[PDB]
Amino acid sequence: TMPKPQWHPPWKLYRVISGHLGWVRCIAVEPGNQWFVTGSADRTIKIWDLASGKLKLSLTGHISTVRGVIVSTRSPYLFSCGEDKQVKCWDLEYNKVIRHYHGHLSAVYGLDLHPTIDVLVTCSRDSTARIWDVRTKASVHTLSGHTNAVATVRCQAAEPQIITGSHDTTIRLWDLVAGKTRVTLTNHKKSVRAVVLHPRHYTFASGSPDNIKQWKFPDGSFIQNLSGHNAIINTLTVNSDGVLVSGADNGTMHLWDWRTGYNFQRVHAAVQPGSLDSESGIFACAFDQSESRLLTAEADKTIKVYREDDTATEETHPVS
Amino acid sequence: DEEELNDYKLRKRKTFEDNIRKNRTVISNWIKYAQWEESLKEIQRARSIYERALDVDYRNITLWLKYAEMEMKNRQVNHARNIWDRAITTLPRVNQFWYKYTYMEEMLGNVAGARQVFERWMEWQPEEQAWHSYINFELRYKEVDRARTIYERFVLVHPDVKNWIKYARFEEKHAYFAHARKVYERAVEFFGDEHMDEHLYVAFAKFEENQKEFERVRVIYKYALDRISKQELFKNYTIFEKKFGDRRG
Amino acid sequence: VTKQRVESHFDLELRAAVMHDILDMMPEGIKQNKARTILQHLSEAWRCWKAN
Amino acid sequence: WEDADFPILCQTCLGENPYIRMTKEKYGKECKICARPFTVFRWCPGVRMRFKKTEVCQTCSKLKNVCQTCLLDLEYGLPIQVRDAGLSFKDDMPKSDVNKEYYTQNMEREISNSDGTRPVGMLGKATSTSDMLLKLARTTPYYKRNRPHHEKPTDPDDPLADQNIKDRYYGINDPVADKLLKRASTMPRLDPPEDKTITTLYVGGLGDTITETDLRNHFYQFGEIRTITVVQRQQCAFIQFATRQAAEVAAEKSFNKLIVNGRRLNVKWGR
Amino acid sequence: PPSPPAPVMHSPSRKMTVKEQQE
RNA sequence: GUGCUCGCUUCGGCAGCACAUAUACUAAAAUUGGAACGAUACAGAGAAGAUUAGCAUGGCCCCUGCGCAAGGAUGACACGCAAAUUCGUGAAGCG
RNA sequence: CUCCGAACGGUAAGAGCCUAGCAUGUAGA
């Protein structure tokens, strides 16, 4: 029912970090694969060297969980956002807050910086999202309409520029400038938390308890229903070679190929020493810039780092 | 009457309105108001109620059904058609809606519009039971070509050998043994060596038995078991017993 | 958020996070799993952790 | 954001000049009814005329389709009281502040989801014409209105001077409509007979061009007719109709309008 | 009054057995 | 009103042409109707108040204040809504 | 020796009765 799926070598766990004192809610990578940022519910924000796996820095911004961060590739800025109703921006030469965009009403849940228009787009459990001027603390649009907490946003240059998925189980595509709803999709049954945009196929996938779904831009054409990783899914991350990663809620991490939707690996990770298994979980993922290694921030205060498997061949690992 | 019933009307109107006022929730009070005013046969008032509750919650199928049935009872055919098309436009998966709607098409008698609604419906590829309600409709009139075209699209939208076997049985029942032999041949062609299984080839042996071609029955049975997956134990045994039946009978 | 409402706030955020997560995943108690009762059991589990 | 790129006004509020220069100021003022910021149009209704503006939300202009700068029915030129009372339309636009503003914004959402040419709601559903509305209608352009409000100023004892815009729109206490409604109540109409058994229609002035053929041809629309007796002696035609409801409909219909071959023949009760 | 509700392009439910109905 | 016609053709009149393109809540407003912690006078901390907690939800609102300061002062009968058998009914499907 | 402070964190309690500076500038006949 499909052309024979390609062969991607599996992934093996090799390096494990344990430095936080709470859940690790979000994690991002620096433009040049030298260091990655972590934001936790311990309220810290910790910068780590990507090579030596050593904690380069820690900074005590928030008042509660840091629910999401993002590093600027057009500046030495780093934007944090947390359930303290507030969003902050750090200069990373002087390591300090430089402006704070007030305005939301409840816990921010996630955010993204638009690659070319210098704005932020942040989603919040207050049933909205907003578009922020970078510098001047100006919000141009309250992208509104989701009947509940806008569980995530991703933004991109092309039309449409803003996709937001929610606990209303809907997905919504917005025109940025008029700040208006353009299109809705409502295929899902259970809330939808993870949306990811392909780098070179003008497409995007959304995850929910039921299973992943795939769509074609700019319209919202359903494509290809991906099933198999039946667990509350928390982040989707896609790689250069079409490797697509779904981190589930309960630790079970699943891999597939983007083209055929071929679930070709299940990794089922082991918790730290002191953590009961029931505290297992995955909360965010990110491939490095060079896309060789993979970071995953788990729900037991640890950051696990997987590497492409080098000893893999078609016979070591056949495709079926 | 004149004023003593007007009193009754003001009272109970305000009672219903106050109840749904305090609540804004469950359409129990809504629907009871709908029936209060359909028993008063103030159809426009009860329809306004219906639309207000539609705005309250547009997602109640029994609410839409109350609407449609009231329209059928008070003969407002065009408005019932309006309601019907609105629903099925809004909830393509509530097959209660398509079912009762094409039922309405049959009641009004417009088999043409019945066909059209069934057509818009099959676009959602609803389900085997939907295609089969479609085919029972199409066979309340002869329409044999339409029948087999329904079957042909159906067994491809739900490409199940069992659906194909229902197609084959319909072919036999309507005496198209030519097209039915072609049904089974094309069916094994499509299902291919990869995944095909017992029931199809036992069915082909049995059809050819009824055609009294025992030699071809046996070439079918053995050549198929050799070409495809064979074995496991209960399958081999039942197939061998059906082959014994094909030989003897 | 200010040191007064830190506790009440974080509590609100926690209870609601619980509601979202499970009582959108665990159902198939679809009507309402008596979430309110599952949250009563939450509170009781806490109490008992506090009292060993 | 209430935004009109067109004005909703009859020729009466428009002005006599076929070439009108009109400026628009978006959100220049809130709706006096809706409190909604809408585009106000400023244009000179003439040389030596008042340079007027459009002041209502397109909600308010659309729902009751009153010429926004005339507040007059764009089809009837008539005040809201006369218009609604002639179409028997008791328009219960709520009086409260919350209901007024919210319902005006709601009829505005309904206007934007409607074609914007035909009114959204119940009054736009009673397009059943009124003969008394035709009688009250002024089909001439009241350009002298377009002048500003050097003459003896409006007398305070005449109940028209103090102009009540809000109630005169929302359906209460229109003085000019009250006066014209007294006029259209005292206007000539066919009073029904106390003697119930005669379906006896007299036609006075029927003339030499109308024969019994064309007379019954006009009489056909209202119901069965038993007998016809024309007198060229009195230029009259006495028709006995078969039905009482028929004769009543024929009376109200042909009273003061029926022109058979150009001339109005007096439809009167028989004697 | 917001924009009209888009059709709920949805799946059908598969009802609750006694097994998970008590589970 | 400017300027021109080898304009009628005088310098008086008429025409033709080139332009020069539409002010302005135009009203002397016609009208329309209110409140002070003011004066006096009185009077005198009038206990009745322990009303035995605070923070929320929350859009419950107004005031000072330039305030994403700061600070005032306020609403609790915030409930009964019923997962759930039992039969009956109709609809569909199979024989 | 010539370095100059500002506010808030406050003036009551009421009774009966008295008087006021304002405001707007209204389509249809």
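The count begins at 1 with the first shown residue.
Cβ coordinates are placed from backbone N, Cα and C, and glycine is handled just like the others.
What Swiss-Prot records for A:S18, A:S208 is phosphoserine. According to Swiss-Prot, the feature repeat 'WD 1' maps to A:19-58. According to Swiss-Prot, the feature repeat 'WD 2' maps to A:61-100. Summarising the annotation, Swiss-Prot assigns repeat 'WD 3' to A:103-142. Residues annotated as repeat 'WD 4' in Swiss-Prot: A:145-184. Per Swiss-Prot, the feature repeat 'WD 5' maps to A:187-227. The repeat 'WD 6' annotation in Swiss-Prot covers A:228-266. The repeat 'WD 7' annotation in Swiss-Prot covers A:277-316.
With a threshold of 8 Å between CB atoms, the same-chain residues lying at least 6 positions outside the repeat 'WD 7' (A:277-316) that come near it are 7, 9-33, 36, 38, 40, 48, 50, 53, 234-237, 239-241, 245, 247-253, 267, 269, 271. Each residue contributes its Cα atom, and for A:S18 (phosphoserine) and A:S208 (phosphoserine) these two points are 29 Å apart. Ranking the modified residues A:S18, A:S208 by the number of CB atoms within 10 A of their own CB puts A:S208 at the top. Long-range neighbours of the repeat 'WD 1' (A:19-58) within the same chain, counting only residues 6 or more positions beyond its ends whose Cβ lies under 8 Å from a Cβ of the stretch, are 64-71, 73, 78, 80, 82, 90, 95, 110, 283-290, 295-303, 305.
Secondary structure counts, DSSP: the repeat 'WD 2' (A:61-100) has 0 helix, 22 strand, 18 coil. Taken residue by residue, the repeat 'WD 3' (A:103-142) breaks down under DSSP into 0 helix, 21 strand, 19 coil. Mapped onto DSSP classes, the repeat 'WD 7' (A:277-316) shows 3 helix, 19 strand, 18 coil.
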